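structure_14.cif follows (mmCIF, C-alpha atoms and all ligand atoms):
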data_protein
#
loop_
_atom_site.label_atom_id
_atom_site.label_comp_id
_atom_site.auth_asym_id
_atom_site.auth_seq_id
_atom_site.Cartn_x
_atom_site.Cartn_y
_atom_site.Cartn_z
CA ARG Z 5 0.00 0.00 0.00
CA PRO Z 6 1.70 3.23 -1.17
CA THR Z 7 2.23 6.57 0.67
CA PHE Z 8 -0.53 9.21 0.06
CA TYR Z 9 -0.30 13.04 0.29
CA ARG Z 10 -3.18 15.56 0.66
CA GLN Z 11 -3.90 18.94 -1.03
CA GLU Z 12 -6.87 21.29 -1.76
CA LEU Z 13 -7.59 21.94 -5.50
CA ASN Z 14 -10.36 24.49 -6.41
CA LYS Z 15 -12.58 23.87 -3.28
CA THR Z 16 -11.88 20.04 -3.45
CA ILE Z 17 -9.67 17.76 -1.21
CA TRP Z 18 -7.33 15.25 -3.02
CA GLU Z 19 -5.57 12.34 -1.21
CA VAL Z 20 -3.38 10.61 -3.88
CA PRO Z 21 -0.34 8.30 -3.90
CA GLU Z 22 3.00 10.27 -4.07
CA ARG Z 23 3.61 8.48 -7.47
CA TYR Z 24 1.14 11.14 -8.90
CA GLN Z 25 2.77 14.65 -8.89
CA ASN Z 26 1.94 18.26 -9.99
CA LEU Z 27 -1.86 17.85 -9.90
CA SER Z 28 -3.37 20.58 -12.12
CA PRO Z 29 -7.18 20.85 -12.53
CA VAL Z 30 -8.42 20.66 -16.19
CA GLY Z 31 -11.61 21.49 -18.17
CA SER Z 32 -13.01 23.96 -15.51
CA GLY Z 33 -15.83 21.45 -14.67
CA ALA Z 34 -16.68 20.00 -18.16
CA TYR Z 35 -14.96 16.64 -17.27
CA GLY Z 36 -15.87 16.56 -13.52
CA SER Z 37 -13.21 16.96 -10.75
CA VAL Z 38 -10.23 15.92 -12.95
CA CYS Z 39 -6.52 16.86 -12.58
CA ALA Z 40 -3.66 16.40 -15.04
CA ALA Z 41 -0.81 14.77 -13.09
CA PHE Z 42 2.72 13.46 -13.71
CA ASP Z 43 2.97 9.64 -13.05
CA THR Z 44 6.54 9.03 -11.70
CA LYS Z 45 6.28 5.22 -12.34
CA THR Z 46 5.82 5.59 -16.19
CA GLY Z 47 7.12 9.18 -16.81
CA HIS Z 48 3.77 9.99 -18.58
CA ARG Z 49 1.07 12.65 -18.01
CA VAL Z 50 -2.20 11.09 -16.72
CA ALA Z 51 -5.71 12.29 -15.81
CA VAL Z 52 -6.96 11.65 -12.23
CA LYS Z 53 -10.71 11.82 -11.65
CA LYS Z 54 -12.10 12.06 -8.09
CA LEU Z 55 -15.69 10.73 -8.05
CA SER Z 56 -18.08 13.35 -6.59
CA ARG Z 57 -20.17 11.97 -3.62
CA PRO Z 58 -19.86 8.41 -4.97
CA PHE Z 59 -22.00 6.73 -2.23
CA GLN Z 60 -24.44 9.69 -1.48
CA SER Z 61 -27.48 7.55 -2.57
CA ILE Z 62 -28.36 4.09 -3.99
CA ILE Z 63 -28.26 5.77 -7.46
CA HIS Z 64 -24.80 7.45 -6.97
CA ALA Z 65 -23.50 4.15 -5.53
CA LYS Z 66 -24.78 2.11 -8.51
CA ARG Z 67 -23.40 4.78 -10.95
CA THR Z 68 -20.00 4.63 -9.19
CA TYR Z 69 -20.00 0.78 -9.43
CA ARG Z 70 -21.10 0.95 -13.11
CA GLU Z 71 -18.33 3.46 -14.07
CA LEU Z 72 -15.64 1.31 -12.40
CA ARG Z 73 -17.00 -1.96 -14.00
CA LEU Z 74 -17.06 -0.28 -17.46
CA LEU Z 75 -13.55 1.29 -17.10
CA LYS Z 76 -12.05 -2.01 -15.80
CA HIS Z 77 -13.50 -3.78 -18.88
CA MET Z 78 -12.31 -1.44 -21.66
CA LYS Z 79 -9.02 -2.74 -23.22
CA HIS Z 80 -8.87 -1.18 -26.71
CA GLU Z 81 -6.75 1.56 -28.40
CA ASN Z 82 -9.93 3.62 -29.29
CA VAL Z 83 -11.69 3.39 -25.85
CA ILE Z 84 -10.57 5.11 -22.63
CA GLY Z 85 -8.89 2.60 -20.29
CA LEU Z 86 -8.13 2.43 -16.55
CA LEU Z 87 -4.39 2.88 -15.70
CA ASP Z 88 -5.17 2.86 -11.95
CA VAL Z 89 -7.98 3.10 -9.39
CA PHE Z 90 -7.29 3.88 -5.73
CA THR Z 91 -8.82 5.07 -2.47
CA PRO Z 92 -6.99 6.48 0.54
CA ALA Z 93 -9.20 4.06 2.64
CA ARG Z 94 -7.40 1.21 4.50
CA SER Z 95 -10.78 -0.66 5.01
CA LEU Z 96 -14.41 -1.00 3.62
CA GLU Z 97 -15.55 0.87 6.85
CA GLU Z 98 -13.37 4.00 5.92
CA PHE Z 99 -14.08 3.64 2.12
CA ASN Z 100 -15.78 6.94 0.91
CA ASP Z 101 -13.67 8.22 -2.08
CA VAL Z 102 -12.74 6.67 -5.47
CA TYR Z 103 -10.03 8.01 -7.83
CA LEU Z 104 -9.73 6.84 -11.44
CA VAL Z 105 -6.51 7.31 -13.48
CA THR Z 106 -6.55 7.32 -17.30
CA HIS Z 107 -4.39 8.56 -20.17
CA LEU Z 108 -4.47 12.37 -20.53
CA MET Z 109 -5.94 13.18 -24.00
CA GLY Z 110 -4.91 16.40 -25.87
CA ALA Z 111 -8.26 17.86 -27.10
CA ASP Z 112 -11.98 16.96 -27.57
CA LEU Z 113 -13.43 16.79 -31.11
CA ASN Z 114 -15.83 19.68 -30.16
CA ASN Z 115 -12.76 22.00 -29.76
CA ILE Z 116 -11.20 20.45 -32.98
CA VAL Z 117 -14.35 21.10 -35.19
CA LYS Z 118 -15.03 24.60 -33.62
CA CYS Z 119 -11.28 25.62 -33.93
CA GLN Z 120 -10.31 23.82 -37.24
CA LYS Z 121 -11.90 22.88 -40.65
CA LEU Z 122 -11.05 19.13 -41.19
CA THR Z 123 -9.70 17.43 -44.40
CA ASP Z 124 -11.35 14.26 -45.88
CA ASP Z 125 -8.17 12.31 -44.85
CA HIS Z 126 -8.60 13.46 -41.16
CA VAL Z 127 -12.36 12.68 -41.33
CA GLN Z 128 -11.64 9.13 -42.69
CA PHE Z 129 -9.14 8.43 -39.89
CA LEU Z 130 -11.21 9.91 -36.96
CA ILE Z 131 -14.47 8.14 -38.02
CA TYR Z 132 -12.56 4.83 -38.65
CA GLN Z 133 -11.23 4.98 -35.05
CA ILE Z 134 -14.71 5.79 -33.56
CA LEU Z 135 -16.20 2.80 -35.46
CA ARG Z 136 -13.30 0.54 -34.44
CA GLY Z 137 -13.93 1.56 -30.78
CA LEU Z 138 -17.70 1.06 -31.26
CA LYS Z 139 -17.21 -2.41 -32.78
CA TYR Z 140 -15.37 -3.34 -29.56
CA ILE Z 141 -17.93 -1.69 -27.16
CA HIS Z 142 -20.91 -3.13 -29.10
CA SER Z 143 -19.34 -6.67 -29.14
CA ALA Z 144 -19.65 -6.57 -25.29
CA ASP Z 145 -23.41 -5.61 -25.59
CA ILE Z 146 -22.51 -2.10 -24.26
CA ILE Z 147 -24.28 0.88 -25.86
CA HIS Z 148 -22.60 4.28 -25.38
CA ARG Z 149 -25.92 6.23 -25.92
CA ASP Z 150 -24.15 9.61 -25.35
CA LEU Z 151 -21.84 9.92 -28.43
CA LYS Z 152 -21.10 13.59 -29.29
CA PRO Z 153 -17.92 15.52 -30.20
CA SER Z 154 -17.15 16.49 -26.53
CA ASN Z 155 -17.09 12.67 -25.64
CA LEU Z 156 -14.32 11.99 -28.18
CA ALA Z 157 -10.75 12.99 -27.47
CA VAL Z 158 -7.74 13.06 -29.77
CA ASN Z 159 -3.93 13.34 -29.27
CA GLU Z 160 -1.59 15.45 -31.56
CA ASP Z 161 -0.97 12.09 -33.46
CA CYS Z 162 -4.80 12.09 -34.25
CA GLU Z 163 -5.21 8.89 -32.13
CA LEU Z 164 -8.85 8.95 -30.92
CA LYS Z 165 -10.51 7.55 -27.77
CA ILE Z 166 -14.21 7.23 -26.94
CA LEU Z 167 -15.09 8.45 -23.40
CA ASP Z 168 -18.21 9.56 -21.54
CA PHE Z 169 -17.72 12.66 -19.37
CA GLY Z 170 -21.41 12.36 -18.33
CA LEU Z 171 -23.18 15.63 -17.34
CA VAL Z 183 -23.13 20.75 -27.18
CA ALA Z 184 -26.56 19.08 -26.54
CA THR Z 185 -26.71 15.23 -26.49
CA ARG Z 186 -30.10 15.77 -28.24
CA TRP Z 187 -28.32 16.94 -31.45
CA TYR Z 188 -26.57 13.52 -31.91
CA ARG Z 189 -29.37 11.24 -30.61
CA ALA Z 190 -31.15 8.59 -32.80
CA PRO Z 191 -34.84 9.40 -33.58
CA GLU Z 192 -36.04 6.01 -32.04
CA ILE Z 193 -34.75 7.06 -28.57
CA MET Z 194 -35.92 10.70 -29.01
CA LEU Z 195 -39.51 9.95 -27.80
CA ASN Z 196 -39.14 7.50 -24.81
CA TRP Z 197 -39.37 3.72 -25.65
CA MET Z 198 -37.46 0.37 -25.70
CA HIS Z 199 -37.34 -0.54 -29.49
CA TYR Z 200 -33.60 0.39 -29.87
CA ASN Z 201 -30.31 -1.46 -30.54
CA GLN Z 202 -26.53 -0.69 -30.61
CA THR Z 203 -27.16 1.28 -33.88
CA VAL Z 204 -28.39 4.34 -31.82
CA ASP Z 205 -24.58 4.92 -31.57
CA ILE Z 206 -24.19 4.65 -35.39
CA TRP Z 207 -26.77 7.50 -35.80
CA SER Z 208 -24.57 9.66 -33.47
CA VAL Z 209 -21.46 8.76 -35.57
CA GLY Z 210 -23.34 9.88 -38.71
CA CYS Z 211 -24.20 13.25 -37.02
CA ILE Z 212 -20.55 13.61 -35.90
CA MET Z 213 -19.11 12.76 -39.35
CA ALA Z 214 -21.56 15.27 -41.00
CA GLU Z 215 -20.32 18.07 -38.58
CA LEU Z 216 -16.61 17.12 -39.23
CA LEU Z 217 -17.24 17.31 -43.02
CA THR Z 218 -19.33 20.58 -43.01
CA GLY Z 219 -18.31 22.55 -39.84
CA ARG Z 220 -22.02 22.68 -38.75
CA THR Z 221 -24.23 20.70 -36.33
CA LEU Z 222 -26.36 18.63 -38.74
CA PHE Z 223 -29.49 18.66 -36.48
CA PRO Z 224 -29.43 21.49 -33.88
CA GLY Z 225 -32.91 20.89 -32.33
CA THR Z 226 -34.06 23.28 -29.54
CA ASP Z 227 -35.98 20.33 -27.95
CA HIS Z 228 -37.02 16.67 -28.65
CA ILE Z 229 -39.91 17.82 -30.95
CA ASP Z 230 -37.80 20.38 -32.92
CA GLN Z 231 -34.95 17.77 -33.05
CA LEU Z 232 -37.38 15.21 -34.59
CA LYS Z 233 -38.63 17.82 -37.17
CA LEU Z 234 -35.00 18.66 -38.25
CA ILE Z 235 -34.21 14.88 -38.65
CA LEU Z 236 -37.34 14.08 -40.73
CA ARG Z 237 -36.52 17.11 -42.99
CA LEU Z 238 -33.27 15.27 -44.09
CA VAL Z 239 -34.26 11.53 -43.86
CA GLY Z 240 -37.95 12.10 -44.75
CA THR Z 241 -41.06 11.00 -42.82
CA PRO Z 242 -41.38 7.21 -42.32
CA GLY Z 243 -43.28 5.08 -44.88
CA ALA Z 244 -45.96 2.44 -43.98
CA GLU Z 245 -42.99 -0.06 -43.56
CA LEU Z 246 -41.45 1.85 -40.58
CA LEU Z 247 -44.82 3.27 -39.29
CA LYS Z 248 -45.92 -0.47 -38.78
CA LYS Z 249 -43.12 -0.93 -36.16
CA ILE Z 250 -44.08 2.07 -33.89
CA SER Z 251 -45.98 0.70 -30.83
CA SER Z 252 -46.48 4.15 -29.13
CA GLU Z 253 -49.93 5.46 -30.34
CA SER Z 254 -48.80 8.97 -29.21
CA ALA Z 255 -45.44 8.91 -31.13
CA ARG Z 256 -47.23 7.27 -34.15
CA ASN Z 257 -49.93 10.03 -33.95
CA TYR Z 258 -47.21 12.76 -33.76
CA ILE Z 259 -45.18 11.45 -36.80
CA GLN Z 260 -48.37 10.79 -38.86
CA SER Z 261 -49.66 14.33 -37.83
CA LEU Z 262 -46.66 15.86 -39.72
CA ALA Z 263 -47.08 16.92 -43.38
CA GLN Z 264 -45.20 14.19 -45.37
CA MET Z 265 -41.54 15.03 -46.30
CA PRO Z 266 -39.34 13.25 -48.89
CA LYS Z 267 -35.88 11.78 -48.12
CA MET Z 268 -33.30 14.33 -49.39
CA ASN Z 269 -30.53 13.31 -51.83
CA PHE Z 270 -27.54 13.42 -49.41
CA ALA Z 271 -25.22 14.33 -52.39
CA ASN Z 272 -27.30 17.62 -52.66
CA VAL Z 273 -26.92 18.27 -48.87
CA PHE Z 274 -23.18 17.45 -48.34
CA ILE Z 275 -22.21 19.17 -51.65
CA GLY Z 276 -18.51 18.56 -52.62
CA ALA Z 277 -17.89 15.85 -49.96
CA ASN Z 278 -16.15 12.58 -51.02
CA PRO Z 279 -19.03 10.56 -52.60
CA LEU Z 280 -17.80 7.58 -50.49
CA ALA Z 281 -18.38 9.77 -47.33
CA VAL Z 282 -21.90 10.62 -48.68
CA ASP Z 283 -22.63 6.86 -49.30
CA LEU Z 284 -21.55 5.89 -45.71
CA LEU Z 285 -23.67 8.84 -44.27
CA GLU Z 286 -26.74 7.50 -46.17
CA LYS Z 287 -26.08 4.10 -44.47
CA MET Z 288 -25.71 5.62 -40.96
CA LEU Z 289 -28.59 8.17 -41.01
CA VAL Z 290 -31.41 5.66 -41.79
CA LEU Z 291 -34.61 6.18 -39.76
CA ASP Z 292 -35.19 2.39 -39.56
CA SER Z 293 -32.73 1.20 -36.83
CA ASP Z 294 -33.11 -2.42 -38.15
CA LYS Z 295 -31.64 -1.17 -41.54
CA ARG Z 296 -28.84 1.05 -40.13
CA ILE Z 297 -25.24 -0.15 -40.80
CA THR Z 298 -23.47 -1.69 -37.75
CA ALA Z 299 -19.96 -0.62 -36.63
CA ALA Z 300 -18.48 -3.92 -37.98
CA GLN Z 301 -20.23 -3.39 -41.35
CA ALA Z 302 -19.14 0.32 -41.51
CA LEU Z 303 -15.41 -0.62 -40.95
CA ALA Z 304 -15.67 -2.65 -44.25
CA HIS Z 305 -17.11 0.44 -46.13
CA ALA Z 306 -14.94 1.54 -49.17
CA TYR Z 307 -14.58 4.98 -47.34
CA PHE Z 308 -12.02 3.26 -44.90
CA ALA Z 309 -10.12 1.16 -47.55
CA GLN Z 310 -6.84 3.02 -46.50
CA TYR Z 311 -7.28 2.10 -42.76
CA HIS Z 312 -9.49 -1.07 -42.67
CA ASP Z 313 -7.64 -4.20 -41.39
CA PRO Z 314 -10.05 -7.07 -40.51
CA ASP Z 315 -7.26 -8.80 -38.42
CA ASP Z 316 -6.79 -5.54 -36.36
CA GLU Z 317 -10.43 -4.64 -35.36
CA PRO Z 318 -10.73 -6.76 -32.19
CA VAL Z 319 -13.90 -7.59 -30.24
CA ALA Z 320 -14.26 -7.38 -26.44
CA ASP Z 321 -14.36 -10.10 -23.76
CA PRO Z 322 -17.96 -10.62 -22.57
CA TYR Z 323 -19.16 -8.08 -20.00
CA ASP Z 324 -21.36 -9.16 -17.06
CA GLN Z 325 -24.16 -6.50 -17.18
CA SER Z 326 -26.36 -8.66 -14.84
CA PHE Z 327 -25.91 -6.03 -12.01
CA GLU Z 328 -27.92 -3.52 -14.12
CA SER Z 329 -31.16 -5.41 -13.24
CA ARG Z 330 -30.31 -5.50 -9.46
CA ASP Z 331 -31.92 -3.33 -6.71
CA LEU Z 332 -29.44 -3.21 -3.77
CA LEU Z 333 -28.64 -0.97 -0.75
CA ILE Z 334 -25.93 1.77 -0.77
CA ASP Z 335 -23.65 -0.38 1.48
CA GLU Z 336 -23.96 -3.36 -0.99
CA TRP Z 337 -23.04 -1.23 -4.08
CA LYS Z 338 -20.25 0.31 -1.93
CA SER Z 339 -18.89 -3.18 -0.95
CA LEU Z 340 -19.10 -4.37 -4.59
CA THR Z 341 -17.18 -1.21 -5.70
CA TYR Z 342 -14.58 -1.80 -2.93
CA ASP Z 343 -14.11 -5.47 -4.21
CA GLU Z 344 -13.49 -4.05 -7.75
CA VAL Z 345 -10.91 -1.52 -6.38
CA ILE Z 346 -9.04 -4.37 -4.56
CA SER Z 347 -9.10 -6.87 -7.49
CA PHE Z 348 -7.83 -4.24 -10.02
CA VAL Z 349 -4.70 -5.44 -11.97
CA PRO Z 350 -2.86 -2.51 -13.63
CA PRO Z 351 -2.11 -2.91 -17.37
CA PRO Z 352 1.59 -3.59 -18.22
CA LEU Z 353 4.00 -0.54 -18.39
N1 LIG Z 401 -10.56 15.18 -19.16
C1 LIG Z 401 -9.75 14.20 -19.58
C2 LIG Z 401 -9.54 12.94 -19.05
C3 LIG Z 401 -10.34 12.40 -17.96
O1 LIG Z 401 -11.26 13.05 -17.47
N2 LIG Z 401 -10.04 11.16 -17.58
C4 LIG Z 401 -10.77 10.48 -16.52
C5 LIG Z 401 -11.98 9.75 -17.04
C6 LIG Z 401 -12.65 8.85 -16.23
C7 LIG Z 401 -13.75 8.16 -16.70
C8 LIG Z 401 -14.20 8.34 -18.01
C9 LIG Z 401 -15.38 7.63 -18.59
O2 LIG Z 401 -15.55 7.62 -19.80
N3 LIG Z 401 -16.23 7.02 -17.74
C10 LIG Z 401 -17.47 6.40 -18.18
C11 LIG Z 401 -17.37 4.88 -18.24
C12 LIG Z 401 -16.50 4.36 -19.36
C13 LIG Z 401 -17.15 4.55 -20.74
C14 LIG Z 401 -18.14 3.44 -21.08
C15 LIG Z 401 -18.74 3.60 -22.48
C16 LIG Z 401 -17.66 3.66 -23.53
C17 LIG Z 401 -16.66 4.77 -23.23
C18 LIG Z 401 -16.08 4.61 -21.83
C19 LIG Z 401 -18.59 6.78 -17.22
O3 LIG Z 401 -19.20 5.91 -16.61
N4 LIG Z 401 -18.81 8.07 -17.06
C20 LIG Z 401 -19.69 8.60 -16.02
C21 LIG Z 401 -21.09 8.82 -16.52
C22 LIG Z 401 -21.46 8.46 -17.80
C23 LIG Z 401 -22.77 8.69 -18.21
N5 LIG Z 401 -23.71 9.22 -17.43
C24 LIG Z 401 -23.34 9.56 -16.19
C25 LIG Z 401 -22.06 9.37 -15.70
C26 LIG Z 401 -13.52 9.24 -18.82
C27 LIG Z 401 -12.43 9.93 -18.35
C28 LIG Z 401 -8.55 12.36 -19.86
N6 LIG Z 401 -8.18 13.17 -20.84
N7 LIG Z 401 -8.95 14.30 -20.67
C29 LIG Z 401 -8.85 15.36 -21.62
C30 LIG Z 401 -7.90 16.36 -21.45
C31 LIG Z 401 -7.91 17.47 -22.28
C32 LIG Z 401 -8.86 17.59 -23.27
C33 LIG Z 401 -9.80 16.58 -23.45
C34 LIG Z 401 -9.80 15.47 -22.63
#
How does the structure come out when it is put into structure tokens?
Amino acid sequence: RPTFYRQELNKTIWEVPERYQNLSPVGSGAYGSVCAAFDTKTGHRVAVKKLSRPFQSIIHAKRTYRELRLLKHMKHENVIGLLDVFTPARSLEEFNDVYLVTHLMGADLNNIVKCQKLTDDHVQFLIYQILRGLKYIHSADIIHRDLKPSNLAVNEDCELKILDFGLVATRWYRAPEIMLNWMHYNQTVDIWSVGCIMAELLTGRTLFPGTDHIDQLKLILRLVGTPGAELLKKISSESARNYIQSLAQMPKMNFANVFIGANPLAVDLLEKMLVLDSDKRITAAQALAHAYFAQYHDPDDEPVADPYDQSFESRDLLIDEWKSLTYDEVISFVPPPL
């Protein structure tokens, strides 16, 4: 058990092993309570996240457990990974704080798109990496559900990782089938988000900047057109079905006339991602084989994930139970090799 030291960073206490030096807060809140730090074991910059009030309620406790289970699972070049997880607590009794250590990324894609206009080469490589990360996440029956430019981070080498900073509107990147509340949705909600992201990388503009869930739905249908009988037949919600069918019909736009001057291959992939019918939307694994990625695509180098035990998601437990389970996960953690 290493030696810890204490300090106070922007109205927050931090008790970290001495191996982590020069803690410097980052993102002024956008990422949570996160410090850049120098890791003396590796000689690399890292990010250290202190969980806020991790065991305040059953719901915080379950969220804390979930985040640690997800981070301990992710072992892929295009998904954030756990370098370390620690607590200053010597016992389960004293256990009240959780610190997660990850790679420090250079910039989020929101800052990249807002600051820079991207080339087709850079779009190919960034979307290839998102899809490669998604293939991996999806193979474990994990759905991100929150994909947006601020949840993607890039290094100066253009190496991309998928993250989720939690709480640029999520709304703008969200699949129409999980816009009005209901349970008919698959992993391809994430492929819709990737389409919205790729559009914004290609054009410099939010594709669908809805002011609310109704506006958002109107902006989507204006590009992809109102559903035919085929898709209408699969909408269980009378109230959603009444809303959609209450709209004046709208044709599917020719995407080549919307994304004028884009690589036609980019336009073809976008057509395959921004399909209203989530049963007909391209999967991550399918998208990686698209002729848009010919330069990057290597079927022997697009790994899937080990299975992930999500069975806790259905469980209703007490704070102290979720806390004990989280403590177990802290103790059993095996760092990745240096
Ligand atoms: N700010 C940072 C860091 C940093 O902050 N690292 C710590 C960290 C800890 C956890 C997570 C995280 O993603 N936790 C994910 C789980 C893993 C996911 C699972 C799905 C697939 C993706 C991975 C998570 O549960 N969130 C909490 C949450 C999500 C949704 N609703 C509510 C709460 C991300 C980062 C590193 N680099 N940078 C950086 C620096 C400069 C510019 C841009 C970025």
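Using all atoms listed in the file, the set of residues no farther than 12 Å from the position (-12.5, -2.2, -44.1) comprises residues 128, 129, 132, 133, 135, 136, 299, 300, 301, 302, 303, 304, 305, 306, 307, 308, 309, 310, 311, 312, 313, 314, 315, 316 and 317 of chain Z.
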| Nearby polymer residues, ligand LIG 401 (chain Z), at most 6 Å, all atoms listed in the file, as a PyMOL selection string | chain Z and resi 35+38+51-53+71+74-75+83-84+104+106-112+148+157+166-170
| query | Which is closer to residue 232 of chain Z than all the others in Z:206, Z:194, Z:244, Z:165, using all atoms listed in the file? | reply |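 Ranking Z:206, Z:194, Z:244, Z:165 by distance to residue 232 of chain Z, first place goes to Z:194.
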| request: Could you give me, as a ChimeraX atom specification, the residues within 12 Å of segment 264-270 of chain Z, counting all atoms listed in the file and dropping anything in the same chain fewer than 2 positions from it? | output: /Z:214,222,233-244,258-262,272-291
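Among Z:162, Z:216, Z:334, Z:96, the residue with the shortest atom-to-atom distance to residue 60 of chain Z, counting all atoms listed in the file, is Z:334.
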| request: Choose the residue, out of Z:297, Z:230, Z:156, Z:140, that has the smallest atom-to-atom separation from residue 203 of chain Z; count all atoms listed in the file. | output: Z:297
| task | Please indicate the distance in Å from atom CA of residue 25 of chain Z to atom CA of residue 57 of chain Z, rounded to one decimal place. | result |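 For atom CA of residue 25 of chain Z relative to atom CA of residue 57 of chain Z, the distance reads 23.7 Å.
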| task | List every protein, DNA or RNA residue with an atom no more than 9 Å from (-28.4, 1.3, -31.9) in the file's coordinates, counting all atoms listed in the file, and format the result as a VMD selection string. | result | chain Z and resid 147 149 190 192 200 to 207 293 to 294 296 298
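When all atoms listed in the file are used to measure the gap to residue 134 of chain Z, the shortest distance among Z:248, Z:338, Z:186, Z:80 belongs to Z:80.
Residue nearest residue 122 of chain Z within the list Z:220, Z:249, Z:79, Z:49: Z:220 [criterion: smallest interatomic distance, only C-alpha atoms].
You can rank Z:5, Z:54, Z:199, Z:76 by their closest distance to residue 94 of chain Z using all atoms listed in the file, and at the top of that list sits Z:5.
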| request: Record the distance separating atom CA of residue 16 of chain Z and atom CA of residue 43 of chain Z, expressed in Å with one decimal. | output: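 Result for atom CA of residue 16 of chain Z versus atom CA of residue 43 of chain Z: 20.5 Å, one decimal.
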| Hey, can you check how far atom CA of residue 345 of chain Z sits from atom CA of residue 68 of chain Z? |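 Atom CA of residue 68 of chain Z lies at a distance of 11.3 Å from atom CA of residue 345 of chain Z.
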| Long-range neighbours of residue 123 of chain Z as a list in words, 8 Å cut-off, only C-alpha atoms, 3 positions minimum in chain |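 Here the qualifying residues turn out to be residues 126, 127 and 217 of chain Z.
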Could you write those residues out with C-alpha atoms, as an mmCIF file, keeping the file's coordinate frame?
data_model
loop_
_atom_site.group_PDB
_atom_site.id
_atom_site.type_symbol
_atom_site.label_atom_id
_atom_site.label_comp_id
_atom_site.auth_asym_id
_atom_site.auth_seq_id
_atom_site.Cartn_x
_atom_site.Cartn_y
_atom_site.Cartn_z
ATOM 1 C CA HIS Z 126 -8.600 13.460 -41.160
ATOM 2 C CA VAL Z 127 -12.360 12.680 -41.330
ATOM 3 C CA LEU Z 217 -17.240 17.310 -43.020
#
Put the listed atoms of segment 59-72 of chain Z in a box along x, y and z with 6 Å added on every side and give me the centre and edge lengths in Å to one decimal, as AutoDock Vina command-line options.
--center_x -22.0 --center_y 5.2 --center_z -7.8 --size_x 24.7 --size_y 20.9 --size_z 24.6
| field | Residue contacts of residue 11 of chain Z (10 Å, all atoms listed in the file) excluding same-chain residues fewer than 5 positions away, as a PyMOL selection string | value | chain Z and resi 16-20+27
| message | So that I can see what lies close to residue 353 of chain Z, please list as a PyMOL selection string the residues with an atom at most 10 Å from it, counting all atoms listed in the file and leaving out residues fewer than 4 positions away in the same chain. | response | chain Z and resi 45-46+87
